[PDB]
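Structure data (mmCIF, C-alpha atoms) from upload16.cif:
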data_data
loop_
_atom_site.group_PDB
_atom_site.id
_atom_site.type_symbol
_atom_site.label_atom_id
_atom_site.label_comp_id
_atom_site.auth_asym_id
_atom_site.auth_seq_id
_atom_site.Cartn_x
_atom_site.Cartn_y
_atom_site.Cartn_z
ATOM 1 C CA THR A 1 -13.105 -5.324 17.514
ATOM 2 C CA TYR A 2 -12.870 -1.719 16.521
ATOM 3 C CA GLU A 3 -15.282 0.937 17.461
ATOM 4 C CA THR A 4 -16.020 3.490 14.834
ATOM 5 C CA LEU A 5 -14.028 6.588 15.170
ATOM 6 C CA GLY B 1 21.852 11.396 15.668
ATOM 7 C CA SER B 2 21.854 7.691 16.329
ATOM 8 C CA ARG B 3 18.224 7.018 17.067
ATOM 9 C CA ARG B 4 17.020 4.491 14.534
ATOM 10 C CA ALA B 5 14.856 5.534 11.639
ATOM 11 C CA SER B 6 11.233 4.638 12.144
ATOM 12 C CA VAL B 7 9.835 4.532 15.635
ATOM 13 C CA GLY B 8 11.631 1.647 17.238
ATOM 14 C CA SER B 9 8.487 0.667 19.055
ATOM 15 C CA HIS B 10 8.900 3.146 21.850
ATOM 16 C CA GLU B 11 7.539 0.831 24.471
ATOM 17 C CA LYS B 12 8.673 3.124 27.220
ATOM 18 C CA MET B 13 5.381 4.751 28.113
ATOM 19 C CA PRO B 14 2.062 4.036 29.841
ATOM 20 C CA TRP B 15 -0.479 4.666 27.177
ATOM 21 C CA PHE B 16 1.972 2.942 24.876
ATOM 22 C CA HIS B 17 2.407 -0.686 25.677
ATOM 23 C CA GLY B 18 3.513 -2.769 22.767
ATOM 24 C CA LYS B 19 2.979 -5.895 24.805
ATOM 25 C CA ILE B 20 -0.600 -5.945 25.972
ATOM 26 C CA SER B 21 -3.097 -7.708 23.795
ATOM 27 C CA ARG B 22 -6.206 -5.624 23.679
ATOM 28 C CA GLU B 23 -8.295 -7.161 26.376
ATOM 29 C CA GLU B 24 -5.442 -7.075 28.774
ATOM 30 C CA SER B 25 -5.476 -3.325 28.339
ATOM 31 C CA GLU B 26 -9.249 -3.216 28.370
ATOM 32 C CA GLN B 27 -9.229 -4.915 31.747
ATOM 33 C CA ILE B 28 -6.688 -2.398 32.772
ATOM 34 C CA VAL B 29 -9.042 0.237 31.569
ATOM 35 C CA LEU B 30 -11.495 -1.517 33.736
ATOM 36 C CA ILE B 31 -9.248 -0.405 36.495
ATOM 37 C CA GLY B 32 -8.686 3.088 35.440
ATOM 38 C CA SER B 33 -10.963 5.426 33.528
ATOM 39 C CA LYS B 34 -14.631 6.051 34.235
ATOM 40 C CA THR B 35 -14.050 9.710 33.786
ATOM 41 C CA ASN B 36 -14.482 9.042 30.118
ATOM 42 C CA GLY B 37 -11.254 9.987 28.471
ATOM 43 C CA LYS B 38 -8.830 7.330 29.609
ATOM 44 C CA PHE B 39 -6.914 5.704 26.852
ATOM 45 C CA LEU B 40 -3.964 3.609 25.864
ATOM 46 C CA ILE B 41 -2.559 2.962 22.442
ATOM 47 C CA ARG B 42 -1.060 -0.336 21.436
ATOM 48 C CA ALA B 43 1.578 -0.985 18.838
ATOM 49 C CA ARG B 44 3.838 -3.985 18.644
ATOM 50 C CA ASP B 45 6.676 -4.606 16.253
ATOM 51 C CA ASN B 46 6.577 -7.757 14.205
ATOM 52 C CA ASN B 47 3.400 -8.027 12.205
ATOM 53 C CA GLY B 48 -0.138 -6.772 12.413
ATOM 54 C CA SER B 49 -1.505 -3.365 13.244
ATOM 55 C CA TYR B 50 -1.923 -0.852 16.017
ATOM 56 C CA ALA B 51 -5.116 0.194 17.716
ATOM 57 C CA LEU B 52 -6.281 2.903 20.060
ATOM 58 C CA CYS B 53 -8.037 1.678 23.161
ATOM 59 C CA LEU B 54 -9.992 4.021 25.376
ATOM 60 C CA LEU B 55 -13.031 3.889 27.591
ATOM 61 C CA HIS B 56 -16.206 5.876 27.378
ATOM 62 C CA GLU B 57 -18.365 5.600 30.482
ATOM 63 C CA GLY B 58 -17.845 1.904 31.066
ATOM 64 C CA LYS B 59 -17.501 0.436 27.632
ATOM 65 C CA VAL B 60 -13.999 -0.066 26.488
ATOM 66 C CA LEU B 61 -13.322 0.670 22.906
ATOM 67 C CA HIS B 62 -10.758 -0.028 20.334
ATOM 68 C CA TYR B 63 -9.812 1.704 17.133
ATOM 69 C CA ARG B 64 -7.679 0.102 14.483
ATOM 70 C CA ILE B 65 -4.742 2.249 13.582
ATOM 71 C CA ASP B 66 -2.707 1.848 10.454
ATOM 72 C CA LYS B 67 -1.282 3.763 7.587
ATOM 73 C CA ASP B 68 -2.239 3.820 3.955
ATOM 74 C CA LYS B 69 0.726 2.271 2.238
ATOM 75 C CA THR B 70 1.980 5.798 2.445
ATOM 76 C CA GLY B 71 4.042 5.372 5.554
ATOM 77 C CA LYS B 72 1.935 7.581 7.769
ATOM 78 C CA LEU B 73 -0.203 6.113 10.484
ATOM 79 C CA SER B 74 -3.889 6.772 10.559
ATOM 80 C CA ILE B 75 -7.359 5.496 11.187
ATOM 81 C CA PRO B 76 -10.230 4.567 8.880
ATOM 82 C CA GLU B 77 -12.891 6.520 10.673
ATOM 83 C CA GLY B 78 -10.374 8.347 12.818
ATOM 84 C CA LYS B 79 -7.934 10.590 11.027
ATOM 85 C CA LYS B 80 -4.437 10.547 9.635
ATOM 86 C CA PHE B 81 -1.175 11.195 11.395
ATOM 87 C CA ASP B 82 2.552 10.783 11.142
ATOM 88 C CA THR B 83 2.938 8.561 14.142
ATOM 89 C CA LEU B 84 1.094 7.359 17.148
ATOM 90 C CA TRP B 85 2.585 10.375 18.808
ATOM 91 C CA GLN B 86 0.647 12.716 16.684
ATOM 92 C CA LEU B 87 -2.478 10.722 16.462
ATOM 93 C CA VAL B 88 -2.239 10.385 20.188
ATOM 94 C CA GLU B 89 -1.286 13.888 21.037
ATOM 95 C CA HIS B 90 -3.736 15.196 18.562
ATOM 96 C CA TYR B 91 -6.411 13.053 19.922
ATOM 97 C CA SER B 92 -5.086 14.094 23.293
ATOM 98 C CA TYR B 93 -6.852 17.227 22.224
ATOM 99 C CA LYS B 94 -9.994 15.826 20.840
ATOM 100 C CA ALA B 95 -11.657 12.669 19.841
ATOM 101 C CA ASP B 96 -11.622 13.538 16.165
ATOM 102 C CA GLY B 97 -14.010 10.666 15.888
ATOM 103 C CA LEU B 98 -13.458 8.564 18.972
ATOM 104 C CA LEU B 99 -16.321 8.030 21.317
ATOM 105 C CA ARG B 100 -14.844 10.806 23.383
ATOM 106 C CA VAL B 101 -11.675 12.816 23.581
ATOM 107 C CA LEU B 102 -8.689 11.616 25.514
ATOM 108 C CA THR B 103 -7.648 12.769 28.881
ATOM 109 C CA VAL B 104 -5.526 10.135 30.547
ATOM 110 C CA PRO B 105 -3.180 7.244 29.777
ATOM 111 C CA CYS B 106 -4.807 4.027 30.837
ATOM 112 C CA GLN B 107 -2.369 1.205 30.683
ATOM 113 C CA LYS B 108 -0.326 0.311 33.625
ATOM 114 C CA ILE B 109 2.773 1.964 34.859
ATOM 115 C CA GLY B 110 6.135 0.320 35.239
ATOM 116 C CA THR B 111 7.671 -1.078 38.362
ATOM 117 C CA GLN B 112 6.382 0.717 41.398
#
Translate this structure into C-alpha coordinates?
Amino acid sequence: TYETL
Amino acid sequence: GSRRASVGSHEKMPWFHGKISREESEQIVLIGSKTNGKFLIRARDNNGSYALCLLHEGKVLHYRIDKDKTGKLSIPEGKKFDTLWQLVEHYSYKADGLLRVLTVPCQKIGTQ
(Lines of atoms letter the chains of each structure in order from A and count residues from 1; the text may use other names and numbers.)
(Lines give C-alpha, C1' and ligand atoms only; values in the text may rest on other atoms or scores of the structure.)
Protein backbone atom coordinates (compact mmCIF):
# COMPACT_ATOMS: atom_id res chain seq x y z
CA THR A 1 0.00 0.00 0.00
CA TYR A 2 2.13 2.78 -1.32
CA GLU A 3 0.97 5.55 -3.49
CA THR A 4 3.34 6.65 -6.17
CA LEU A 5 5.37 9.60 -5.23
CA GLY B 1 27.94 14.56 22.64
CA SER B 2 26.15 11.54 24.00
CA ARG B 3 23.23 11.22 21.64
CA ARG B 4 23.46 7.81 20.03
CA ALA B 5 24.64 7.43 16.48
CA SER B 6 21.82 6.81 14.07
CA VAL B 7 18.42 8.26 14.81
CA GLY B 8 17.30 6.41 17.89
CA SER B 9 13.78 6.31 16.57
CA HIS B 10 12.88 9.78 17.70
CA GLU B 11 9.36 8.87 18.61
CA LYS B 12 8.85 12.16 20.34
CA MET B 13 6.83 13.98 17.71
CA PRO B 14 3.36 14.07 16.14
CA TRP B 15 4.01 13.41 12.52
CA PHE B 16 6.52 10.87 13.76
CA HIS B 17 4.91 7.99 15.52
CA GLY B 18 6.93 4.84 15.45
CA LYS B 19 4.04 2.94 16.95
CA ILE B 20 1.05 3.38 14.69
CA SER B 21 0.53 0.80 12.02
CA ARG B 22 -0.49 2.57 8.88
CA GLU B 23 -4.22 2.38 9.03
CA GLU B 24 -4.24 3.56 12.57
CA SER B 25 -2.62 6.72 11.29
CA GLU B 26 -4.83 6.79 8.23
CA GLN B 27 -7.87 6.78 10.48
CA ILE B 28 -6.22 9.52 12.38
CA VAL B 29 -5.81 11.31 9.13
CA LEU B 30 -9.45 10.68 8.77
CA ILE B 31 -9.72 12.93 11.73
CA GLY B 32 -7.39 15.59 10.67
CA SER B 33 -6.53 16.80 7.19
CA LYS B 34 -8.99 17.63 4.44
CA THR B 35 -7.02 20.71 3.67
CA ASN B 36 -4.86 18.47 1.58
CA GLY B 37 -1.42 18.61 3.06
CA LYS B 38 -1.75 16.78 6.34
CA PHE B 39 0.80 14.11 6.88
CA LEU B 40 2.52 11.83 9.31
CA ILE B 41 5.60 9.74 8.82
CA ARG B 42 6.05 6.36 10.40
CA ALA B 43 9.27 4.65 11.34
CA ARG B 44 9.68 1.91 13.88
CA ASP B 45 12.87 0.32 15.09
CA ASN B 46 13.18 -3.42 14.79
CA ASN B 47 12.66 -4.59 11.26
CA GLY B 48 10.86 -3.42 8.17
CA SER B 49 10.65 -0.02 6.57
CA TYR B 50 9.28 3.47 7.00
CA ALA B 51 6.53 5.12 5.04
CA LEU B 52 5.11 8.58 4.59
CA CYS B 53 1.39 8.85 5.14
CA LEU B 54 -0.54 11.91 4.08
CA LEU B 55 -3.99 12.75 2.83
CA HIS B 56 -5.02 14.39 -0.38
CA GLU B 57 -8.64 15.50 -0.42
CA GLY B 58 -10.06 12.47 1.32
CA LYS B 59 -7.89 9.62 0.19
CA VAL B 60 -5.17 8.70 2.55
CA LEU B 61 -1.91 7.77 1.02
CA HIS B 62 1.22 6.03 1.92
CA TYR B 63 4.71 6.16 0.53
CA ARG B 64 7.33 3.56 1.30
CA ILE B 65 10.48 5.12 2.61
CA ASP B 66 13.81 3.39 2.71
CA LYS B 67 17.40 3.83 1.83
CA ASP B 68 19.49 2.25 -0.86
CA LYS B 69 21.94 0.13 1.05
CA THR B 70 23.78 3.40 1.21
CA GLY B 71 22.59 4.43 4.62
CA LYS B 72 20.53 7.37 3.48
CA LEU B 73 16.77 7.24 3.58
CA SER B 74 14.77 7.82 0.47
CA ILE B 75 11.81 6.92 -1.65
CA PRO B 76 11.46 5.02 -4.92
CA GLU B 77 9.27 7.54 -6.66
CA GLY B 78 9.86 10.16 -4.00
CA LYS B 79 13.39 11.40 -3.59
CA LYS B 80 16.45 10.78 -1.49
CA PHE B 81 17.34 12.19 1.89
CA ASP B 82 19.58 11.75 4.87
CA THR B 83 16.85 11.11 7.36
CA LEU B 84 13.16 11.35 7.78
CA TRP B 85 13.90 14.81 9.03
CA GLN B 86 15.12 15.93 5.72
CA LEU B 87 12.73 14.01 3.63
CA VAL B 88 10.05 15.38 5.87
CA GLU B 89 11.24 18.90 6.12
CA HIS B 90 12.05 18.94 2.49
CA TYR B 91 8.72 17.59 1.64
CA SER B 92 7.43 20.05 4.19
CA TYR B 93 8.27 22.35 1.35
CA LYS B 94 6.92 20.44 -1.53
CA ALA B 95 5.54 17.15 -2.53
CA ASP B 96 8.53 16.29 -4.67
CA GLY B 97 6.30 13.56 -5.95
CA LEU B 98 3.65 13.07 -3.32
CA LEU B 99 0.07 13.61 -4.25
CA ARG B 100 0.43 17.03 -2.73
CA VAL B 101 2.87 18.95 -0.62
CA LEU B 102 2.81 18.78 3.13
CA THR B 103 1.40 21.33 5.42
CA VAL B 104 0.52 19.75 8.72
CA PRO B 105 1.44 16.84 11.00
CA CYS B 106 -1.43 14.42 11.13
CA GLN B 107 -0.87 11.86 13.78
CA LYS B 108 -2.11 12.40 17.22
CA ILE B 109 -0.59 14.47 19.91
CA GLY B 110 0.55 13.21 23.27
CA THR B 111 -1.30 13.37 26.53
CA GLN B 112 -3.63 16.32 26.59
For the structure provided, state which residues fall under the PyMOL selection byres ((chain B) within 8 of (chain A)), and present them as number ranges by chain. B: 61-64, 75-78, 96-99
One decimal, in Å: what's the spacing between CA of residue 100 (chain B) and CA of residue 45 (chain B)?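 Spanning CA of residue 100 (chain B) to CA of residue 45 (chain B) is a straight-line distance of 27.4 Å.
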Please, what distance in Å, to one decimal, runs between CA of residue 85 (chain B) and CA of residue 46 (chain B)? 19.1 Å
Pick from B:44, B:29, B:91, B:81, whichever lies nearest to residue 57 (chain B) using all atoms listed in the file: B:29
Would you compute the distance between CA of residue 26 (chain B) and CA of residue 104 (chain B)? Give it in Å to one decimal.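 Those two atoms sit 14.0 Å apart.
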Could you name the residues that touch region 11-17 of chain B at 8 Å or less, counting all atoms listed in the file, but leaving out those on the same chain fewer than 4 positions away, as a list in words?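 So, after excluding close chain neighbours, the residues are residues 39, 40, 41, 42, 43, 44, 105, 106, 107, 108, 109 and 110 of chain B.
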Can you sort out the box for region 46-64 of chain B, edges along x, y and z, all listed atoms in, 8 Å on every side, with centre and edge lengths in Å to one decimal, as lines of an AutoDock Vina configuration file?
center_x = -5.9
center_y = -1.1
center_z = 21.6
size_x = 40.9
size_y = 29.9
size_z = 34.9
What's around residue 30 (chain B) at 8 Å? Count only C-alpha atoms, leave out sequence neighbours fewer than 3 positions away in its own chain, and write the answer as a PyMOL selection string. chain B and resi 26-27+33+58+60
The PyMOL selection byres ((chain B and resi 90) around 12) resolved against shown file, as an NGL selection string: :B and (74 or 78-89 or 91-98 or 101-103)
Report the residues retrieved by the PyMOL selection byres ((chain B and resi 6) around 12) from the displayed file, expressed as a list in words.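 So the PyMOL selection byres ((chain B and resi 6) around 12), applied here, picks out residues 2, 3, 4, 5, 7, 8, 9, 10, 45, 71, 72, 73, 82, 83 and 84 of chain B.
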